[PDB]
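A.B. asks: Could you have a look at this structure, given as structure tokens, before my questions?
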Amino acid sequence: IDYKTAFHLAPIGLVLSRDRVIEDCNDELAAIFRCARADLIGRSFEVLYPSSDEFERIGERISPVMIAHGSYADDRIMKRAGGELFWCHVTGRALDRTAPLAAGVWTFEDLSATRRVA
Amino acid sequence: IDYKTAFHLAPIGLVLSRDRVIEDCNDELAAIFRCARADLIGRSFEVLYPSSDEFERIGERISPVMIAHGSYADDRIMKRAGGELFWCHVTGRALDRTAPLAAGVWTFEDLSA
Ligand code: NA
Ligand code: NA
């Protein structure tokens, strides 16, 4: 498996971002948000949040954690295409921690399904 | 950011696997397991489990699930280099679902942190 194939095959949603815009993403991200990849490419993350205020609020929460630690993870409520609200675990690392919301790699996982415990 | 850089930058552990052996992994996987990437490259997943018995048991759990659904996720106890046990969320997708433990992409995230 090469790196491009891994990105597209990954069982979690992946995004290559820049300034809170999705520059590339995989099919899993599309699945989570109930749309096509084409719907997400060049889309602001803002549309994935329950509201504009939420996008703003969580951005102000992301910055200092990302700067201070160099990575970020949380659980939050997000919005599927068509409006359904759901819980999503999100992780991210900025290419430069002092530019936390610039280029980075972000992960998304739907927490709707019951967690399998082995 | 290209796909190679993304793999290496990712805030979760990532593995490209074949037949339950790590073929490539990122520094985050090394960070979770408190080791170097060179310690993990070419290593059986077995070394990451609490025991050989757990490696065997969970493999038997993964196979039919991966085949039935085309992906896999669970939480399980794993073991850092040096022996510290911790809860780890793992997800995986096989390149071919009917070859569930052959080539695949696997993710690891420490639930204690
Ligand atoms: Na960004
Ligand atoms: Na494998």
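Residue names in the structure tokens use chain letters A, B, ... in the order shown, residue numbers from 1 in each chain, and ligand numbers from 1 in the order shown.
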Show me which residues sit within 9 Å of ligand 1 when counting only C-alpha atoms and all ligand atoms, and put them as a PyMOL selection string.
C.D. replies: chain A and resi 16-23+45+94+99-106
A.B. asks: Could you give me, as a ChimeraX atom specification, every polymer residue with an atom at most 12 Å away from an atom of ligand 2, counting only C-alpha atoms and all ligand atoms?
C.D. replies: /A:1 /B:15-24,42-46,59,62-63,66,91-97,99-107
A.B. asks: Distance limit 9 Å, atoms considered: only C-alpha atoms. Which chain A residues sit that close to chain B? Return them as number ranges by chain.
C.D. replies: A: 1-7, 9-12, 16-17, 71-73, 91-95, 103-107, 115-118
A.B. asks: Export, as a tab-separated table (two decimals), in the first residue's frame, the selected residues with N, CA, C and O atoms.
C.D. replies:
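Output contents, as saved in selection.tsv:
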chain	number	residue	atom	x	y	z
A	1	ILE	N	0.85	-1.23	0.00
A	1	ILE	CA	0.00	0.00	0.00
A	1	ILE	C	0.87	1.26	0.00
A	1	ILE	O	1.75	1.41	0.86
A	2	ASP	N	0.67	2.15	-0.98
A	2	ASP	CA	1.41	3.42	-0.98
A	2	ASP	C	0.68	4.48	-0.16
A	2	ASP	O	-0.41	4.23	0.34
A	3	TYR	N	1.30	5.64	0.02
A	3	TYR	CA	0.72	6.65	0.91
A	3	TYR	C	-0.62	7.21	0.43
A	3	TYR	O	-1.51	7.45	1.25
A	4	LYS	N	-0.74	7.39	-0.89
A	4	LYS	CA	-1.98	7.86	-1.52
A	4	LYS	C	-3.10	6.85	-1.30
A	4	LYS	O	-4.18	7.21	-0.84
A	5	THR	N	-2.82	5.58	-1.60
A	5	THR	CA	-3.79	4.50	-1.33
A	5	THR	C	-4.18	4.41	0.15
A	5	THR	O	-5.36	4.26	0.47
A	6	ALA	N	-3.20	4.51	1.06
A	6	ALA	CA	-3.52	4.46	2.50
A	6	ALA	C	-4.50	5.57	2.87
A	6	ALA	O	-5.49	5.33	3.53
A	7	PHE	N	-4.22	6.78	2.40
A	7	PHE	CA	-5.09	7.93	2.67
A	7	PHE	C	-6.54	7.62	2.23
A	7	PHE	O	-7.49	7.82	2.98
A	9	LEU	N	-7.95	4.65	1.55
A	9	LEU	CA	-8.46	3.38	2.10
A	9	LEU	C	-8.81	3.50	3.58
A	9	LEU	O	-9.55	2.65	4.11
A	10	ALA	N	-8.26	4.52	4.25
A	10	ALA	CA	-8.32	4.61	5.72
A	10	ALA	C	-9.73	4.51	6.25
A	10	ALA	O	-10.63	5.11	5.71
A	11	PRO	N	-9.93	3.77	7.35
A	11	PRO	CA	-11.24	3.50	7.92
A	11	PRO	C	-11.79	4.65	8.73
A	11	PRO	O	-12.85	4.51	9.38
A	12	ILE	N	-11.04	5.74	8.78
A	12	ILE	CA	-11.48	6.98	9.42
A	12	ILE	C	-11.41	8.11	8.41
A	12	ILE	O	-10.65	8.07	7.43
A	16	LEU	N	-6.67	16.78	4.47
A	16	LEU	CA	-5.52	17.69	4.36
A	16	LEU	C	-6.11	19.10	4.26
A	16	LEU	O	-6.89	19.36	3.36
A	17	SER	N	-5.83	19.95	5.25
A	17	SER	CA	-6.49	21.26	5.35
A	17	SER	C	-5.50	22.39	5.08
A	17	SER	O	-4.26	22.20	5.01
A	71	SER	N	-0.47	19.29	19.00
A	71	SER	CA	-1.54	18.42	18.47
A	71	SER	C	-2.82	18.71	19.23
A	71	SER	O	-2.80	19.39	20.26
A	72	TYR	N	-3.93	18.20	18.71
A	72	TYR	CA	-5.22	18.51	19.26
A	72	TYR	C	-6.13	17.30	19.10
A	72	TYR	O	-6.12	16.66	18.08
A	73	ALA	N	-6.93	17.03	20.13
A	73	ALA	CA	-7.96	16.01	20.01
A	73	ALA	C	-9.13	16.42	20.89
A	73	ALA	O	-8.96	16.98	22.00
A	91	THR	N	-9.17	14.67	15.58
A	91	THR	CA	-7.77	14.93	15.97
A	91	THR	C	-7.11	15.75	14.89
A	91	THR	O	-7.50	15.70	13.74
A	92	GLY	N	-6.10	16.52	15.26
A	92	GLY	CA	-5.42	17.32	14.23
A	92	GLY	C	-4.00	17.65	14.61
A	92	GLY	O	-3.66	17.74	15.78
A	93	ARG	N	-3.13	17.71	13.60
A	93	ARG	CA	-1.81	18.27	13.81
A	93	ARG	C	-1.51	19.28	12.73
A	93	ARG	O	-1.58	18.96	11.54
A	94	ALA	N	-1.09	20.46	13.14
A	94	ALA	CA	-0.68	21.52	12.22
A	94	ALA	C	0.73	21.24	11.73
A	94	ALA	O	1.57	20.74	12.48
A	95	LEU	N	0.99	21.60	10.48
A	95	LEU	CA	2.31	21.50	9.91
A	95	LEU	C	3.32	22.37	10.69
A	95	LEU	O	4.48	22.00	10.84
A	103	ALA	N	-2.04	25.02	7.35
A	103	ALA	CA	-1.99	23.66	6.81
A	103	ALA	C	-1.93	22.63	7.94
A	103	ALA	O	-1.20	22.81	8.91
A	104	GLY	N	-2.71	21.57	7.83
A	104	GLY	CA	-2.57	20.47	8.77
A	104	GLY	C	-3.26	19.21	8.30
A	104	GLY	O	-3.88	19.18	7.24
A	105	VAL	N	-3.10	18.16	9.11
A	105	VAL	CA	-3.78	16.88	8.88
A	105	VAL	C	-4.80	16.70	10.00
A	105	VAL	O	-4.48	16.82	11.17
A	106	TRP	N	-6.05	16.39	9.62
A	106	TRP	CA	-7.17	16.25	10.56
A	106	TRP	C	-7.87	14.93	10.36
A	106	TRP	O	-7.98	14.47	9.23
A	107	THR	N	-8.33	14.34	11.47
A	107	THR	CA	-9.02	13.04	11.42
A	107	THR	C	-10.39	13.20	12.02
A	107	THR	O	-10.58	13.99	12.92
A	115	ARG	N	-19.39	1.09	20.48
A	115	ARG	CA	-17.97	0.74	20.46
A	115	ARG	C	-17.79	-0.74	20.75
A	115	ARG	O	-18.30	-1.27	21.76
A	116	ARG	N	-17.03	-1.40	19.88
A	116	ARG	CA	-16.69	-2.80	20.05
A	116	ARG	C	-15.53	-2.84	21.02
A	116	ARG	O	-14.55	-2.11	20.87
A	117	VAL	N	-15.66	-3.66	22.06
A	117	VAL	CA	-14.56	-3.83	22.97
A	117	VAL	C	-14.01	-5.24	22.83
A	117	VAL	O	-14.74	-6.22	22.98
A	118	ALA	N	-12.72	-5.33	22.52
A	118	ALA	CA	-12.02	-6.61	22.51
A	118	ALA	C	-11.24	-6.79	23.82
A	118	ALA	O	-10.66	-5.83	24.35
A.B. asks: I'd like the contact shell of residue 80 in chain B - 8 Å cut-off, only C-alpha atoms, skipping same-chain residues fewer than 2 positions apart - returned as a CSV table (one decimal) with C-alpha atoms, in the first residue's frame.
C.D. replies:
chain,number,residue,atom,x,y,z
B,32,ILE,CA,2.3,5.8,21.8
B,33,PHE,CA,4.5,2.7,22.3
B,34,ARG,CA,7.4,4.7,23.8
B,48,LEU,CA,2.3,-4.6,20.9
B,78,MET,CA,-2.1,-2.9,24.5
B,82,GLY,CA,8.8,-1.6,28.8
B,83,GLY,CA,5.4,-3.2,29.7
B,84,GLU,CA,3.0,-0.4,30.6
B,85,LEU,CA,-0.5,-1.5,29.8
B,86,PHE,CA,-3.0,1.0,28.4
A.B. asks: Extract the full set of alpha helix (DSSP H) residues from range 5-80 of chain A according to DSSP on the backbone, and format it as an MDAnalysis selection string.
C.D. replies: chainID A and resid 5:9 27:32 37:40 52:69
A.B. asks: Just write the chosen residues, N, CA and C atoms, as a compact mmCIF listing (two decimals), in the first residue's frame.
C.D. replies:
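Printed below is out19.txt as written:
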# COMPACT_ATOMS: atom_id res chain seq x y z
N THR A 5 -2.82 5.58 -1.60
CA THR A 5 -3.79 4.50 -1.33
C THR A 5 -4.18 4.41 0.15
N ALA A 6 -3.20 4.51 1.06
CA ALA A 6 -3.52 4.46 2.50
C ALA A 6 -4.50 5.57 2.87
N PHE A 7 -4.22 6.78 2.40
CA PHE A 7 -5.09 7.93 2.67
C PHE A 7 -6.54 7.62 2.23
N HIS A 8 -6.68 7.14 1.00
CA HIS A 8 -8.02 6.84 0.48
C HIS A 8 -8.72 5.60 1.04
N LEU A 9 -7.95 4.65 1.55
CA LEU A 9 -8.46 3.38 2.10
C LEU A 9 -8.81 3.50 3.58
N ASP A 27 -12.83 9.04 1.12
CA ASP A 27 -14.22 8.57 0.98
C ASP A 27 -14.88 8.40 2.36
N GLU A 28 -14.11 8.00 3.38
CA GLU A 28 -14.71 7.85 4.71
C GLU A 28 -15.26 9.17 5.24
N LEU A 29 -14.53 10.27 5.03
CA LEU A 29 -15.04 11.59 5.45
C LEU A 29 -16.37 11.90 4.77
N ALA A 30 -16.44 11.65 3.46
CA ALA A 30 -17.67 11.80 2.67
C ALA A 30 -18.81 10.96 3.27
N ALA A 31 -18.49 9.72 3.65
CA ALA A 31 -19.47 8.81 4.22
C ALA A 31 -20.02 9.38 5.51
N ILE A 32 -19.12 9.85 6.38
CA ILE A 32 -19.54 10.36 7.68
C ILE A 32 -20.51 11.53 7.49
N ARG A 37 -17.21 13.28 -2.03
CA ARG A 37 -15.93 13.96 -1.82
C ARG A 37 -15.92 15.31 -2.54
N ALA A 38 -16.48 15.34 -3.75
CA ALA A 38 -16.59 16.58 -4.53
C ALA A 38 -17.32 17.68 -3.76
N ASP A 39 -18.26 17.30 -2.88
CA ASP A 39 -18.98 18.30 -2.07
C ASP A 39 -18.09 18.93 -1.00
N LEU A 40 -17.01 18.24 -0.64
CA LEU A 40 -16.17 18.66 0.48
C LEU A 40 -14.89 19.35 0.05
N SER A 52 -22.33 28.45 12.60
CA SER A 52 -21.21 29.37 12.46
C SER A 52 -20.57 29.69 13.81
N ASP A 53 -21.42 29.90 14.83
CA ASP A 53 -20.93 30.21 16.18
C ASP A 53 -20.07 29.08 16.75
N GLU A 54 -20.50 27.84 16.48
CA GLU A 54 -19.76 26.66 16.93
C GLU A 54 -18.39 26.56 16.24
N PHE A 55 -18.38 26.78 14.94
CA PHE A 55 -17.13 26.79 14.17
C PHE A 55 -16.18 27.84 14.78
N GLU A 56 -16.72 29.02 15.09
CA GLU A 56 -15.91 30.10 15.69
C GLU A 56 -15.40 29.71 17.08
N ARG A 57 -16.30 29.16 17.91
CA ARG A 57 -15.99 28.83 19.29
C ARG A 57 -14.92 27.76 19.39
N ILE A 58 -15.12 26.67 18.65
CA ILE A 58 -14.20 25.55 18.73
C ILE A 58 -12.84 25.92 18.12
N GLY A 59 -12.83 26.78 17.10
CA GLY A 59 -11.58 27.35 16.58
C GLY A 59 -10.78 28.09 17.65
N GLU A 60 -11.46 28.89 18.46
CA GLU A 60 -10.81 29.60 19.59
C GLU A 60 -10.34 28.64 20.69
N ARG A 61 -10.93 27.44 20.73
CA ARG A 61 -10.50 26.38 21.66
C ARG A 61 -9.31 25.60 21.13
N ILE A 62 -9.29 25.41 19.81
CA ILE A 62 -8.24 24.65 19.12
C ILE A 62 -6.88 25.35 19.19
N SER A 63 -6.89 26.67 18.84
CA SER A 63 -5.62 27.41 18.72
C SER A 63 -4.63 27.26 19.89
N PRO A 64 -5.02 27.63 21.12
CA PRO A 64 -4.03 27.58 22.20
C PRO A 64 -3.61 26.16 22.61
N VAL A 65 -4.52 25.19 22.50
CA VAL A 65 -4.15 23.80 22.74
C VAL A 65 -3.14 23.35 21.70
N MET A 66 -3.42 23.68 20.43
CA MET A 66 -2.53 23.26 19.35
C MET A 66 -1.16 23.91 19.44
N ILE A 67 -1.14 25.19 19.78
CA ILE A 67 0.13 25.92 19.92
C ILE A 67 0.92 25.32 21.09
N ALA A 68 0.25 25.16 22.23
CA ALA A 68 0.91 24.69 23.45
C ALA A 68 1.42 23.26 23.37
N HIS A 69 0.68 22.39 22.69
CA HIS A 69 1.00 20.96 22.67
C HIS A 69 1.44 20.38 21.32
